[PDB]
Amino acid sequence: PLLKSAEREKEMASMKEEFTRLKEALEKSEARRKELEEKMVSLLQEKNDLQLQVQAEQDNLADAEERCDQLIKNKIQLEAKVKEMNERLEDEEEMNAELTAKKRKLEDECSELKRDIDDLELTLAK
């Protein structure tokens, strides 16, 4: 063009591209911002959902633990019963031994008595 029409058209073409560039810089920034807005929303929901699993698992451990408690009180009563039964067995066995001894010594005496009765009948008879 001629000097003046070229200079005028040049400034207009420059302002259009400068504008177009600012517009795109904004669009891009907005995109990054939007992607983050979405990520932050998703993470907060993820975090709060885990805070509930922690609670829930802690509760299951509480129920598991309480079950151990009952079992342990039960083991206590049972070990007490074993101790007690073993004591009685010893008493029984000991007594049994003692009775068997007395029954045998009585047996030796009936042997001897029947023998002495026979000796006196020998003395008497002849």
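Heads up: residue numbers just count along the shown sequence, starting at 1.
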Can you tell me whether 23-31 has a higher mean C-alpha B factor than 44-52 in this record, or the other way round? 44-52
Of 84-92 and 54-62, which one has the bigger average CA B-factor? 54-62
Top Cα B-factor in this entry, restricted to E98, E38, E79, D69, sits on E38
Compared with the other modelled residues in the chain, in which third is the CA B-factor of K103? highest
